[PDB]
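Heads up: the structure comes next, in structure tokens.
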Amino acid sequence: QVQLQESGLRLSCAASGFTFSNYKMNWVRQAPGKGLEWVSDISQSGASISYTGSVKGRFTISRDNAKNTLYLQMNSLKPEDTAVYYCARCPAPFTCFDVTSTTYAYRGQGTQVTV
Amino acid sequence: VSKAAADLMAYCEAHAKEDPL
Amino acid sequence: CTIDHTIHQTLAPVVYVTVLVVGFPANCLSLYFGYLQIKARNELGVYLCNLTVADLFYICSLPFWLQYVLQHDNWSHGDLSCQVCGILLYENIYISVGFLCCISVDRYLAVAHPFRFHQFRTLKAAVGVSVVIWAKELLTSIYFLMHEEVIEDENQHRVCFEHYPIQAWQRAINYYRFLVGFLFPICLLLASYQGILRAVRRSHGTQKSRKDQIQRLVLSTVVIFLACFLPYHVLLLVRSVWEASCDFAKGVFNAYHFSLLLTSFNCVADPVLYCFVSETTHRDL
Amino acid sequence: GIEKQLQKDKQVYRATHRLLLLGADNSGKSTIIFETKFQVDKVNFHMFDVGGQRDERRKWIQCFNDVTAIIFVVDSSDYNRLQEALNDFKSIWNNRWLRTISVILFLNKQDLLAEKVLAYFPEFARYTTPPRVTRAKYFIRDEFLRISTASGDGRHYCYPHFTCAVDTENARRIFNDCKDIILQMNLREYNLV
Amino acid sequence: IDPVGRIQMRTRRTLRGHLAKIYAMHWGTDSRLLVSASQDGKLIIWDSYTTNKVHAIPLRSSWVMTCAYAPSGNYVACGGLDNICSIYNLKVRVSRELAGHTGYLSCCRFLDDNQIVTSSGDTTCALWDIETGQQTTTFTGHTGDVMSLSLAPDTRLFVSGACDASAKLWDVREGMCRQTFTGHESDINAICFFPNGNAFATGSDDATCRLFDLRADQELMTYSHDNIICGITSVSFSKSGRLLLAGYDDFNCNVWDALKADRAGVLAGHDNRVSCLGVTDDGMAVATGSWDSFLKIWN
Ligand SMILES: CC(C)CCC[C@@H](C)[C@H]1CC[C@H]2[C@@H]3CC=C4C[C@@H](OC(=O)CCC(=O)O)CC[C@]4(C)[C@H]3CC[C@]12C
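Protein chains in written order, with the deposited numbering: chain N, 1 to 8, 18 to 104, 107 to 126; chain G, 30 to 50; chain R, 13 to 297; chain A, 25 to 56, 207 to 253, 264 to 303, 311 to 321, 332 to 394; chain B, 37 to 127, 133 to 340.
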């Protein structure tokens with residue numbers, strides 16, 4: 001039974026019920042009154058990293074497979090970053108379609124961040 | 030779980046005589 | 013007219029041996045891959061299999077000619093063997109030429125006109141054209157079998173399929189042979205491959221890596237055909253035009269027979285150029 | 025007489041070409207599950223737009239594995265949703281089942297983009320064309346083409362086009378790009394490569 | 037226990053009459069006639085012994101995800117991206138249409154001449170009355186799209202697998218969920234009922250199978266391997282429940298051993314993905330379709 005529990018400014022994700030390293034992770038926010046927006050992703054081993062242009066150069070992502078946790082080291086925030094933050098895991102291993112979906116089944120309940 | 034496993038093996042062994050594969 | 017035929021003994025047997033050994037297996041492999049092509053709906057399998065069968069028929073003859081060369085240019089079997097082997101050697105190259113032209117035209121239609129001529133390039137058309145091509149083989153085979161006087165002798169050894177000086181009917185048939193079996197096929201090949209290269213370089217989504225590889229392959233195939241078949245027909249025509257004496261015959265002998273020994277490498281070049289280059293058989297091979 | 029009918033229908037089958045239509049709500053893809211049929215130069219094209227399903231596409235998208243091409247329509251005048269469209273294109277391009285399918289990309293709403301420009312992405316500052334509207338057009342096109350060329354070089358290709366609302370040449374473009382796709386297939390099929 | 041050992045089977049018949057990829061197939065209760073569905077809008081009823089096409093039906097919609105054979109042999113059904121279930125009479134005339142679903146139709150199975158159970162990608166299942174052509178019940182527990190279903194031998198329950206890594210058991214008469222099982226990490230693609238009716242098997246995209254027993258309420262066996270990195274497209278059990286057959290996206294089908302849980306065979310004869318997989322009613326032959334447009338029968 002998969003479960004992603006977030007906490008947290019430095020956000021941390023707790024993952025359970027599956028192998029952490031074979032999957033590609035993401036960062037999904039949900040600002041008030043708008044749909045879900047993709048922020049950052051990192052490949053299986055932690056080599057390829059991509060960002061939305063808005064947070065380019067500001068937010069640093071790194072995965073820790075040994076402790077099975079995902080981080081988003083964020084600094085110099087703006088009021089526009091106030092939103093709920095969800096941790097997403099697109100479904101197929103060894104490979107990312109429905110992460111920013113209205114009802115996606117493989118992401119956490121999220122943590123409200125207010126600036 | 031042991032009971033369920035035992036019943037499953039019992040069924041498989043009991044109907045093994047008429048399985049053409 | 014006595015001739016010094018030492019070129020046979022010196023040079024012909026090694027060419028026969030190398031061609032035979034290197035070519036029988038390659039043609040077997042090519043026939044196998046062409047059959048695999050037949051299983052799908054691709055028509056190129058028909059033409060590839062017909063070309064490979066013609067090459068195998070040509071290869072089958074070489075042991076007899078090698079033995080004839082080995083026993084000092086003397087035929088020791090019956091005359092029927094001489095006629096069949098002479099046909100298989102001299103007139104069996106044009107079946108391969110015709111099937112090369114078929115393959116070229118098929119590729120041109122497929123590449124330059126993708127949304128057209130779907131009925132023309134179907135298996136039924138392939139088999140129709142293949143039958144029509146073998147019909148000419150039968151016709152010419154009968155025509156040549158009619159001339160039983162195809163074996164002569166001087167110095168008490170028998171020469172098969174050669175007259176010095178050239179006889180009247182050989183002179184007559186050499187013009188037809190040159191024209192139809194050389195000059196029109198080369199026009200067809202050049203035209204079709206120029207069209208293919210035009211279409212490929214005009215392309216939009218094909219990468220520069222392949223755009224040059226295709227050109228290399230096309231130039232290679234055309235050049236190899238030209239090299240294998242040009243000197244033979246030039247020398248054929250020179251003999252048919254000028255040779256009317258024993259001195260001229262014994263003068264040209266070596267050049268004529270050397271240019272005739274080049275024509276036997278087509279059976280080896282054909283698999284390489286038409287089956288093994290394709291990537292589908294690359295990993296299997 | 026089943027065999028004769030089946031042979032006739034098989035002959036009919038390969039004569040026509042299938043297409044998949046993809047895009048967002050703001051992208052005017054309907055004016056570019208419904209079925210559309212049109213014809214150019216006596217070749218029949220059948221375009222399908224799937225709209226009766228939920229918003230999860232990772233399973234019913236596999237039905238279109240063996241289509242001739244995909245038509246991807248983008249509304250290029252909206253800067264807000266442009267990153268969502270880029271993510272959508274990146275997901276489509278790298279799928280395992282769509283790795284051999286070529287994409288015809290339509291950058292629609294060119295008049296709106298021109299009007300907006302004449303009146311998000313920080314790399315646009317140090318950008319030069321390969332005049333402001335031309336720079337913006339090619340900046341967005343290159344944003345898509347970076348994703349296109351980052352992977353899958355041999356297998357498939359992306360054909361970009363600029364489209365307006367009054368454009369009437371879209372069918373010709375689909376015809377030409379499909380012709381090129383089929384040429385690639387025949388090249389690989391007739392031992393030429 | 038005594039292991040099964042190497043299981044060697046070879047293609048006996050090959051059926052070649054389909055233009056596009058095969059998506060579903062189903063056997064008849066006679067163990068001789070089977071129906072198959074292809075994405076080219078055709079529904080062929082074959083004859084395995086001779087390989088003769090008993091029928092051919094053109095469908096209005098080309099994309100069909102499933103097909104079914106009536107247990108009485110007098111009807112068939114099929115559906116797909118049109119969100120309808122079409123039922124054909126075999127007196133071939135389209136006898137009815139069942140239209141109540143919102144997402145695509147993923148699977149369907151006849152309960153009787155008058156009833157049929159269907160699942161859709163809108164996360165629900167339904168029970169129909171064919172004579173009246175309207176839903177009688179709905180089953181609304183799943184969170185993701187339902188991919189497969191399997192009727193119990195008594196026909197009073199069934200299980201369904203969804204794109205949420207979970208399964209559920211339903212009471213047809215009561216219309217209420219009974220249980221839930223969560224052992225997988227990704228979508229469930231196939232589900233089957235053990236012959237005795239007190240278990241089921243499941244194949245998923247995490248590249249594993251698992252066996253769940255209703256009474257114990259926990260996964261017993263886990264059929265996986267360290268070198269398989271593809272998903273599972275179909276599963277099926279044998280007459281005795283001793284061999285579990287599973288199709289994969291690696292173009293091959295593996296013949297697992299349900300109890301020992303160690304692969305005992307392979308069926309490698311398809312050039313593309315193995316989409317559908319069925320075992321005969323009297324357990325004499327196995328049919329598999331693929332995205333290569335060919336059906337093969339193994340014995
Ligand atoms: C009597 C001896 C000395 C001469 C032997 C040579 C010929 C009679 C051969 C050589 C070239 C051959 C031609 C080469 C190519 C063609 C085209 C071929 O048709 C196609 O290419 C059809 C299109 C397709 O293949 O899809 C039909 C046979 C034909 C006319 C061949 C007929 C027989 C020819 C003239």
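Built from N, CA and C at the ideal position, the CB exists for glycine as well.
Length of the line joining the Cα atoms of residue i and residue j
i: R:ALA203; j: R:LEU231; result: 13 Å
i: B:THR196; j: B:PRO236; result: 13 Å
i: A:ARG317; j: A:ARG389; result: 41 Å
i: R:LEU201; j: B:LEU55; result: 35 Å
i: A:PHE376; j: R:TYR44; result: 38 Å
i: B:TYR105; j: B:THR87; result: 18 Å
i: R:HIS245; j: R:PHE190; result: 6 Å
i: N:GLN39; j: A:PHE212; result: 42 Å
i: B:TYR111; j: B:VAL71; result: 11 Å
i: R:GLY35; j: R:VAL280; result: 5 Å
i: R:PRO25; j: R:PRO177; result: 25 Å
i: R:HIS159; j: R:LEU48; result: 41 Å
i: R:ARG210; j: R:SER221; result: 16 Å
i: R:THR293; j: B:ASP298; result: 37 Å
i: B:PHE180; j: B:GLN44; result: 42 Å
i: N:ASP73; j: B:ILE229; result: 28 Å
Within chain A, partners of residue i - CB distance below 8 Å
i: R:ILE226; result: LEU388, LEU393 and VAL394
Where residue i sits in the DSSP three-state scheme
i: R:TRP77; result: helix
i: B:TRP63; result: strand
i: R:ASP118; result: helix
i: N:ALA75; result: coil
i: A:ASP272; result: helix
i: B:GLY116; result: strand
i: N:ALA24; result: strand
i: R:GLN83; result: coil
i: A:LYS380; result: helix
i: R:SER142; result: helix
i: B:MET188; result: strand
i: R:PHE111; result: helix
i: R:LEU238; result: helix
i: B:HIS311; result: coil
i: B:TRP332; result: coil
i: B:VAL320; result: strand
i: G:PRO49; result: coil
i: B:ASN155; result: coil
i: A:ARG42; result: strand
i: A:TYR358; result: coil
7 Å Cβ cut-off: residues of chain B touching residue i
i: A:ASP229; result: In chain order: nothing, as chain B lies at least about 11 Å away.
Residue i: contacting residues in chain N (beta-carbon distance under 9 Å)
i: A:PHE312; result: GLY62
i: B:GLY185; result: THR114 and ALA116
Proximal chain N residues relative to residue i, where beta-carbon distance stays under 7 Å
i: A:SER275; result: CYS107 and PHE108
i: A:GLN294; result: Simply none; closest approach about 23 Å.
Cβ-Cβ distance between residue i and residue j below 9 Å
i: A:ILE245; j: A:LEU282; result: no
i: N:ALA97; j: N:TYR117; result: yes
i: R:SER42; j: R:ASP282; result: yes
i: N:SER30; j: N:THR78; result: no
i: B:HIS225; j: B:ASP247; result: yes
i: B:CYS204; j: B:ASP186; result: yes
i: R:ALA124; j: R:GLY217; result: no
i: A:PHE363; j: A:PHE340; result: no
i: residue 130 of chain B; j: B:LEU168; result: Since the model of chain B includes 127 and then 133 but nothing between them, residue 130 of chain B has no atomic positions to report.
Under 9 Å from the C-beta of residue i: neighbouring residues of chain R
i: A:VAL217; result: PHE127
9 Å Cβ cut-off: residues of chain A touching residue i
i: R:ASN54; result: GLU390 and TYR391
Partner residues on chain B for residue i, Cβ-Cβ distance less than 8 Å
i: N:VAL2; result: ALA206 and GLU226
Beta-bridge partners of residue i, as assigned by DSSP
i: A:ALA316; result: The partner list for A:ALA316 (beta bridge, DSSP) is empty, contrary to what the question assumes.
Contacts that residue i makes with chain G (C-beta to C-beta distance below 8 Å)
i: B:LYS280; result: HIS44, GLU47, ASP48, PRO49 and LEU50
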